[PDB]
Amino acid sequence: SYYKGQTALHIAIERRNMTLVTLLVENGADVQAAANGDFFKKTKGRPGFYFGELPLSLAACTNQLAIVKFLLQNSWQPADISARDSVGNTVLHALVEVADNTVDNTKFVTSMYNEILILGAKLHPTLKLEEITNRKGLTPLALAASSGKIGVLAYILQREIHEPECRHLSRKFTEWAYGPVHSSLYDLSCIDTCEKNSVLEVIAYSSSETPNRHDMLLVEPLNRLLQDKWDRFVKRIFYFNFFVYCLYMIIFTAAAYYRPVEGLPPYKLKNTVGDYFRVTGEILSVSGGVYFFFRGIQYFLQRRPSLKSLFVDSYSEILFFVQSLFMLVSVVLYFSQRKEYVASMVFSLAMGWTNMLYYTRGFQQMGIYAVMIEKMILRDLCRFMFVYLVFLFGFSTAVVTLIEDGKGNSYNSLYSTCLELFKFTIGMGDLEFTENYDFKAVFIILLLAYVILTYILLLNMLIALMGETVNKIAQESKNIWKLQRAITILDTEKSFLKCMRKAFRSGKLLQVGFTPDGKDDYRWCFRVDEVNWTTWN
Amino acid sequence: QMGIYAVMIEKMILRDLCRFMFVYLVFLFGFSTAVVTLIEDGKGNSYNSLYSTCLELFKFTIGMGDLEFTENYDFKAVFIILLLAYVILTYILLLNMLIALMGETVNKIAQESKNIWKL
Amino acid sequence: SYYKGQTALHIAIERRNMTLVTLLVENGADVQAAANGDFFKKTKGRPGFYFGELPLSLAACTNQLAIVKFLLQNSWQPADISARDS
Ligand SMILES: CC(=O)Nc1nc2c(Oc3cc(-c4ccc(C(F)(F)F)cc4)ncn3)cccc2s1
Ligand code: NA
């Protein structure tokens, strides 16, 4: 319980009391404090600390090297390192759990992590502590990746260690070096393709809430690994797909332009050469439609998107799906004897053409443009649209009330006046479009006020804000594009899951170090050469 | 003073204008083919040709276009919706995009333009 | 060749070994190492160093004032400065 669950040790250690623990364990102190206190539970709503059920966890989350050394090297009761807590976190899991993203916390967390690992190595050198799982199912790496901790991930993937006595547990196995040049082999064991949660699979298919989802792909091996995959086997496939889609749109446009016009919908087939080509075109178009619909359904049913990330983490997918939906509705109408299918087909064709921009992500300098237009169709344009709509509606209803038409005559309808003011907005309007009014002064004053407030004031305001936003978000757009490219590389490699997988495996099977057991360390390493002129050691 | 101007116009005829031209061309072609499909001309009459409609949309772009240039269509709602969507996406969104990017590029490359002129 | 053309001096100096060269040239050390090793060739694709065929070049490209002074002011075999490479 809260204070019936807190053993002497928890609150004991809490106040940095070495002497007290000395005594308490000299006589004997239990090291299995099942503190589930609402204060000390995982519950985030409760203001407290999830240092960990076990007391070693409490010593660790706090900057106490002495106690973390002592509790484990104390003559007896060296609390079992593989101590699954309520949620399952081992000591390292808790250490990752507490870590924040501030620099000082980076120092603290990484520094401790290393030392605890080496102590565990010495203690019982058969337990692979970094693979122990948690309730949800996640290794320490998986957690650092999902929750989002730049520092911890950086350390683990660049975890270079020394003191050969036991150095198997490292990442950056250095190789031949000759002057200012030096090779280097990374590990890439649980990064690319294996387990149930790879690092490069939880950094991309992750919600937008995770902090710096788009900044963790610059660590060290991830970046070059993705680019090596791209330059080798995910370049030709993407271009061929682009070609196929561009051909499909052309066939659809050809089928649409030559639509027969004579009679109500279901149209019989002639026996001319052209009429067969038309039917073929129609069949291909509907096939494309069904394909896209099923793709959308699968996407939505497997990677469940939330209501907020619906339009923040999936924009291309939604548009693909909606285009497919319009196509299918057109088809269902066309067979029901209704000539309203032209509208659905037209909308489908327009959106299909505008959807080519999904392929700009293969080229560096246009993906940025596409992402920028995305951001400012969700950031800057909506607000301006709303305010301008209020202005237009107000002035249009005013003028329509003023107009008389008791005699360019049917200008009473609100629609006509609204259209005239919009025409004012697009630089074609007329300042004397009607004369039926009864007071010229009021009409001119309203028109001039509208022109001042919308044409000259709001539009230049929008230009100013767009300039400011651009100068703010150039870099953010770049990063978003990088993440988008990573998404597509993963998707393309997966899509051939059934076709082939062997060739789709980066790295090379190297063997550099050895294990304390006395065996080899067969690891899939990947070279990254470097040159330095100041280290010189 | 003027060599810098010439070099700047070169840089932005090889950097900024090409991309905008491509994207705008995609938009124009898509909406023009959509509208041309919608049009009927089963009765300002020979508006079936793709060329005439493309020219009309470009006229929209240069601030002279007309929002009721033809009446042969069969559904007014669809025609107006397409025209308004085009106007929102090209006239008000992309052009001010290009203004913003041109300003940013100028602020970035004043010095580069000077150096290129010296060379 | 790569390691057959690599003379004792090249790898010798490489590790900042004064004493060693002292001895090696005290008895005598050739200063005409024709190291054309793919690693040590002008080839940029090969990750290595083009410090230069002769070993004085190796001493020079690396921050070794001592050896560049020595190899030329050593009692004998002051490697011909005008030593055209490959
Ligand atoms: C797979 C995919 O689309 N990727 C991307 N598309 C775009 C983009 O294109 C659009 C087009 C439309 C649209 C809406 C309605 C209509 C109609 F009038 F027909 F109803 C037509 C078009 N809305 C939003 N975006 C603009 C900017 C960035 C990107 S990224
Ligand atoms: Na104008």
Side-chain angles (χ1 to χ4, degrees), chain A residues 241-242 245-246 248-249 256 292 295-296 299 311-327 329-330 342-363 366-382 385 423-429 451 454-456 459-460 463 477 480-481 484 487-488 491, chain B residues 19-20 22-35 37-38 57 59-65 75 77-97 99:
Chain A
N241 279 15
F242 190 31
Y245 186 81
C246 268
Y248 163 72
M249 278 294 72
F292 278 112
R295 172 193 198 257
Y299 172 104
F311 265 76
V312 114
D313 192 43
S314 326
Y315 195 6
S316 208
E317 221 71 2
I318 301 284
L319 270 276
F320 270 102
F321 177 68
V322 183
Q323 186 262 34
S324 99
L325 199 38
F326 270 120
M327 189 22 58
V329 156
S330 147
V342 155
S344 296
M345 158 177 342
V346 159
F347 283 119
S348 164
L349 176 50
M351 215 144 72
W353 271 106
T354 53
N355 274 4
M356 260 182 20
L357 289 318
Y358 159 78
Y359 290 86
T360 54
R361 87 185 46 192
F363 324 143
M366 302 216 39
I368 311 318
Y369 204 55
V371 157
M372 278 176 2
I373 181 166
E374 227 174 352
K375 269 22 198 184
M376 313 177 343
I377 183 158
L378 292 184
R379 192 177 299 195
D380 263 323
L381 184 59
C382 162
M385 188 54 55
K423 213 180 299 187
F424 254 107
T425 295
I426 77 191
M428 157 66 116
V451 169
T454 69
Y455 181 69
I456 292 164
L459 267 152
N460 298 339
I463 292 167
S477 88
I480 277 281
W481 160 71
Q484 249 176 96
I487 272 270
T488 170
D491 267 347
Chain B
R19 281 121 47 90
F20 155 80
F22 169 41
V23 174
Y24 166 99
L25 215 30
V26 178
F27 276 126
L28 160 85
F29 211 101
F31 284 105
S32 156
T33 184
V35 170
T37 279
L38 179 63
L57 279 282
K59 213 180 300 187
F60 253 106
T61 295
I62 80 195
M64 174 53 177
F75 312 87
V78 174
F79 189 72
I80 294 285
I81 288 158
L82 288 153
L83 262 301
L84 292 166
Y86 170 79
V87 170
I88 287 167
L89 286 179
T90 69
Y91 181 69
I92 293 163
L93 184 82
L94 249 64
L95 267 152
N96 298 337
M97 201 89 24
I99 292 167

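Lettering follows sequence order; numbering is per chain, from 1. Order of listing sets the numbers, starting from 1, for every ligand and every atom in it.
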Verify [atom]: protein non-hydrogen atom under 4.0 angstrom away:
| atom | answer |
| --- | --- |
| atom 19 (F) of ligand 1 | yes |
| atom 2 (C) of ligand 1 | yes |
| atom 7 (C) of ligand 1 | no |
| atom 15 (C) of ligand 1 | no |

Tell me: protein heavy atom nearest [atom], and distance?
| atom | value |
| --- | --- |
| atom 21 (C) of ligand 1 | B:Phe31 CZ, 4.0 Å |
| atom 17 (C) of ligand 1 | A:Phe347 CD2, 4.3 Å |
| atom 5 (C) of ligand 1 | A:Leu357 CB, 4.5 Å |

Measure from atom 9 (O) of ligand 1 to every heavy atom in A:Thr354, B:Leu94, B:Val23 and give the option owning the shortest one. A:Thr354
With respect to atom 13 (C) of ligand 1, which of B:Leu89, B:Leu82, B:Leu93 exhibits the smallest heavy-atom separation? B:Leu89
For A:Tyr315, is the nearest heavy atom under 4.0 Å from an atom of ligand 1? yes
Please could you name the atoms of ligand 1 that [X] approaches to less than 4.0 Å, counting only its heavy atoms?
| X | value |
| --- | --- |
| A:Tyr358 | 1 (C) |
| B:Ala85 | 18 (F) |
| A:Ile373 | 27 (C), 28 (C) |
| A:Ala350 | 19 (F) |
| A:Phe320 | 1 (C) |
| A:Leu319 | 3 (O) |

Can you check whether A:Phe320 and A:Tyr299 have ring centres sitting under 6.0 Å from each other? no
Is there a side-chain contact between [X] and [Y] (heavy atoms, below 4.5 Å)?
| X | Y | result |
| --- | --- | --- |
| A:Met249 | A:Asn355 | no |
| B:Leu28 | B:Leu25 | yes |
| A:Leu378 | A:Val312 | no |
| A:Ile480 | A:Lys375 | yes |
| A:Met327 | A:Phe292 | no |

Can an N or O of A:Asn355 be found at a distance shorter than 3.5 Å from an N or O of ligand 1? yes
Does a donor on one side chain and an acceptor on the other come within less than 3.5 Å for B:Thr61 and B:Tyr86? yes
Do side-chain atoms of A:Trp353 reach the backbone of B:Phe27 as a donor and acceptor pair under 3.5 angstrom? no
So does [X] have more than 12 non-hydrogen atoms from other groups sitting under 6.0 Å from [atom1]?
| X | atom1 | result |
| --- | --- | --- |
| B:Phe75 | CZ | yes |
| A:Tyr358 | OH | yes |
| B:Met64 | CE | no |

Side chain, backbone, both or neither: which part of A:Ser316 has a heavy atom under 4.0 Å from ligand 1? both
